[PDB]
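Take a look at the structure set out below.
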Number of protein chains: 2
Amino acid sequence: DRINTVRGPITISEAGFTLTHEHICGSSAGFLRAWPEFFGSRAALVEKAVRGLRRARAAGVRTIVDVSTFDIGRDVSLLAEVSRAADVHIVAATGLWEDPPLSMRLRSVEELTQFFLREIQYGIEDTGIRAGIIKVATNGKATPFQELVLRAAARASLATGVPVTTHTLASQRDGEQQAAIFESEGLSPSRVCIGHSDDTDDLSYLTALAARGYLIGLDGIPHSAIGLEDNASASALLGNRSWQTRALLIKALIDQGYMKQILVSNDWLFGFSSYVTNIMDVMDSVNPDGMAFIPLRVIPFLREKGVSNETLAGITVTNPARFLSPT
Amino acid sequence: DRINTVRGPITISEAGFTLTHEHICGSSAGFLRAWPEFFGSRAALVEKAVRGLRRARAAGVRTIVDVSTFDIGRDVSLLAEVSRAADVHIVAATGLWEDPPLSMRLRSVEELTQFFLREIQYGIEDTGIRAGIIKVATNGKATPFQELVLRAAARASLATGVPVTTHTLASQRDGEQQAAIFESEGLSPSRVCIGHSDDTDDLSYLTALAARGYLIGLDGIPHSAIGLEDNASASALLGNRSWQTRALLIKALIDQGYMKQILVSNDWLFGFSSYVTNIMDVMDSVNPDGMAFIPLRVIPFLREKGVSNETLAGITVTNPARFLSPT
Ligand SMILES: CCC1(C)CCCCC1
Ligand SMILES: CCC1(C)CCCCC1
Ligand SMILES: [Cl-]
Ligand SMILES: [Cl-]
Ligand SMILES: [Zn+2]
Ligand SMILES: [Zn+2]
Ligand SMILES: [Zn+2]
Ligand SMILES: [Zn+2]
């Protein structure tokens with residue numbers, strides 16, 4: 001059994017400590033190729049990501065799952081470059097996020113299923129690099145096209161065994177509808193992570209997903225604008241709940257019996273052009289540890305609050321492997 | 001004085017008979033790279049475009065202006081390939097159409113001006129190919145972002161001398177607002193073509209633009225769903241006015257004194273993924289002549305209606321050169 005990474009297949013044991021929702025760069029299709037100066041340069045972006053993934057690896061990370069799709073401007077050659085230089089495995093994604101272009105938005109369920117299966121089974125672009133996860137998104141009630149996306153992701157997963165991970169607007173409880181669509185296609189909830197679930201404190205929502213077998217993506221732990229004076233765009237993005245508040249949802253779900261269904265991540269990036277200018281600077285001041293925030297700050301916080309080392313290892317190592325390994 | 005093409009600078013006399021609004025492929029950024037099977041294959045698309053541009057060249061076309069921007073999925077290497085194989089000059093474009101991604105839509109006027117100037121002055125992507133026109137779009141009242149686009153296009157034109165060409169929803173008279181924005185930035189109307197102007201019969205609108213000095217883009221002459229039974233998507237795209245009706249607007253503006261301000265084109269393509277599946281098949285049944293429709297069918301129609309050979313040469317050769325040559 002093997003997981004596809006940007007440097008090829010790896011064994012389950014090789015994945016190790018895995019961050020399940022991360023990005024090298026949050027962009028748009030074609031954007032880094034057309035406007036590399038937006039990032040300084042392409043080399044500057046590469047160097048920043050290598051440095052950050054090095055720091056993460058020193059803190060114990062072995063693999064990240066880059067959940068950048070086509071419409072986040074995923075550049076698998078950029079991921080392979082960074083992966084080789086930092087010695088951190090990167091799993092790439094297929095699927096569609098919240099910014100599909102017209103050439104995607106006009107497609108049928110069958111067509112999209114073809115595209116997702118191309119990326120899982122054949123390769124991304126002309127690279128031969130295969131995705132190891134399918135990423136999808138809603139922000140409230142699904143648009144007609146997003147329902148097609150969710151159905152195509154389910155079809156792709158059913159044919160291949162690769163899991164599905166989601167973006168939600170957690171305040172709208174989107175995982176409810178997402179689950180409904182997925183289940184209508186026959187997808188097992190154990191193949192699905194409902195992401196950005198740490199953006200809500202609603203335990204009735206979180207446990208109702210976990211009770212049916214979903215994995216719960218508590219994937220934005222360091223996202224917080226607390227004590228950012230009067231920066232409306234950072235507040236709108238990051239929220240005003242503390243990282244501790246978010247991290248305590250890990251403990252909460254442990255305490256309810258769902259330790260095997262928890263997936264934790266930073267949802268960090270090294271470049272971010274699909275938001276306001278200089279947001280990466282703002283984010284990096286909030287969390288200078290970047291992708292190392294989970295091991296360096298979250299794990300010790302949870303140990304101080306009484307969570308066991310063994311439970312945290314199961315969450316950071318066992319759960320990601322179970323989720324990623326195709327089934 | 002020179003015009004930039006995808007194979008480098010050419011003299012004004014080399015441009016010859018020029019179609020001012022065309023596309024090799026109407027797509028989305030990254031799409032042909034990620035999903036070439038949508039088109040059959042990349043080679044099939046190339047071969048179809050070469051065959052079509054050959055037929056056009058035999059009918060007298062020497063240059064086309066490919067008004068595909070970043071968000072139409074412009075692939076300048078594809079254009080150079082096709083240009084070399086067909087021996088037809090292709091002018092490429094910068095700017096933004098109606099499907100900009102978030103990494104564009106979040107940008108300032110100053111940022112966009114940087115991007116358009118990159119594509120005109122330095123090159124597209126890492127190709128060294130420079131755009132020779134800036135393309136912009138509204139569909140009714142401009143969105144806030146589209147106003148920034150129009151202003152940045154004006155700034156880019158003011159620094160470089162390259163012209164601006166527009167997409168409109170002609171039924172909403174968008175050229176009125178477009179002109180207002182452009183003039184507020186100090187752009188000369190003689191540097192601007194208001195496109196898709198053949199989609200309306202409103203001569204008060206058309207003459208009010210031409211009176212202030214705009215060029216008028218009568219650029220979709222073969223676009224018609226007349227006698228396509230019950231195909232709602234083709235009707236919505238193409239309209240139910242005949243090609244003759246559209247072509248008679250050429251004569252109308254001649255007859256009002258605006259022969260030097262008329263630009264004519266087919267607004268054809270060889271691939272079209274940003275609309276419904278199989279639309280290219282539908283379009284190619286309506287107009288099997290493709291980009292040769294203007295010389296093969298429009299020019300003789302207008303001669304039969306009393307327009308002179310010399311006037312039509314001025315419209316197909318002189319006007320494009322005047323417009324494209326930087327000033
Ligand atoms: C009983 C919950 C537990 C104490 C198990 C070991 C890891 C930490 C959580
Ligand atoms: C007078 C308008 C004109 C007859 C001039 C020559 C070309 C055709 C139009
Ligand atoms: Cl702490
Ligand atoms: Cl005729
Ligand atoms: Zn997300
Ligand atoms: Zn993300
Ligand atoms: Zn248009
Ligand atoms: Zn066009």
Side-chain angles (χ1 to χ4, degrees), chain A residues 19-27 64-69 71-74 93 95 97-99 133 135-137 139 165-168 193 195-199 217 219-221 223 237 250-260 262-263 265-269 272 274-275 283 291 299 302-303 305-316 318, chain B residues 19-27 64-69 71-74 93 95 97-99 133 135-137 165-168 193 195-199 217 219-221 223 237 263 265-269 272 274-275 283 291:
Chain A
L19 293 176
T20 51
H21 184 132
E22 300 293 341
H23 305 270
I24 298 305
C25 186
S27 186
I64 70 170
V65 181
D66 190 329
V67 299
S68 305
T69 49
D71 66 307
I72 295 176
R74 174 201 61 206
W97 175 78
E98 71 185 43
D99 195 33
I133 193 160
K135 170 64 176 298
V136 299
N139 286 287
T165 192
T166 84
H167 169 110
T168 56
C193 180
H196 305 326
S197 286
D198 60 315
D199 290 351
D219 60 34
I221 312 306
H223 289 218
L237 180 69
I250 297 162
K251 176 176 201 307
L253 284 178
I254 295 167
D255 290 340
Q256 295 162 341
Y258 297 118
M259 65 179 80
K260 295 189 176 184
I262 300 167
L263 298 180
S265 225
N266 307 275
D267 190 32
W268 221 248
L269 328 86
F272 198 179
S274 45
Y275 203 54
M283 291 176 60
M291 291 186 181
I299 287 334
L302 294 173
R303 290 268 315 98
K305 303 294 188 191
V307 176
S308 71
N309 178 346
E310 170 193 83
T311 297
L312 293 163
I315 288 166
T316 59
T318 307
Chain B
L19 293 176
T20 51
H21 184 132
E22 300 293 341
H23 305 270
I24 298 305
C25 186
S27 186
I64 70 170
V65 181
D66 190 329
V67 299
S68 305
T69 49
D71 66 307
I72 295 176
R74 174 201 61 206
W97 175 78
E98 71 185 43
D99 195 33
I133 193 160
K135 170 64 176 298
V136 299
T165 192
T166 84
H167 169 110
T168 56
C193 180
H196 305 326
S197 286
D198 60 315
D199 290 351
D219 60 34
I221 312 306
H223 289 218
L237 180 69
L263 298 180
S265 225
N266 307 275
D267 190 32
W268 221 248
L269 328 86
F272 198 179
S274 45
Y275 203 54
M283 291 176 60
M291 291 186 181

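Letters A, B, ... are given to chains in the order of the sequence lines, protein chains preceding strands, and every chain is numbered from 1. Just follow the structure's listing: the first ligand is 1, and inside any ligand the first atom is 1.
- Separation of atoms CD1 (A:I315) and CD1 (A:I254) is listed at 3.5 Å; rounding is to 0.5 Å.
- To the nearest 0.5 Å, atoms CG (A:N309) and CZ (A:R303) are separated by 5.5 Å.
- B:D267 lies close to the Zn ion (ligand 8), since one of its N, O or S atoms is found at a distance under 2.8 Å.
- Taking CG of A:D267 as the reference point, atom CG of A:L19 lies at 11.0 Å (rounded to 0.5 Å).
- Atom NE2 is the N/O/S atom of B:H21 found closest to the Zn ion (ligand 8).
- Close contacts between ligand 1 and A:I254 involve ligand atoms 9 (C) [criterion: under 4.0 Å to a heavy atom].
- The one candidate from B:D219, B:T166, B:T168 that meets the side-chain hydrogen bond (donor to acceptor under 3.5 Å, both in side chains) condition with B:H196 is B:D219.
- When distances from atom 1 (C) of ligand 1 to the protein are checked, no heavy atom turns up under 4.0 Å.
- The atoms of ligand 1 that sit less than 4.0 Å from any heavy atom of A:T311 are 3 (C), 5 (C), 6 (C), 7 (C), 8 (C), 9 (C).
- Judged by distance alone, with hydrogens and angles left aside, the side-chain atoms of A:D198 form a donor-acceptor pair with the main-chain N or O of A:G220 at under 3.5 Å.
- None of the N, O or S atoms belonging to B:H196 lies under 2.8 Å away from the Zn ion (ligand 8).
- Within the coordination shell of the Zn ion (ligand 8), defined by N, O or S atoms under 2.8 Å, B:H23 is present.
- With hydrogens and angles ignored, the 3.5 Å screen pairs no side-chain donor or acceptor of B:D99 with any backbone N or O of B:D71.
- Proximity to A:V307 (heavy-atom distance under 4.0 Å) selects the following atoms of ligand 1: 8 (C).
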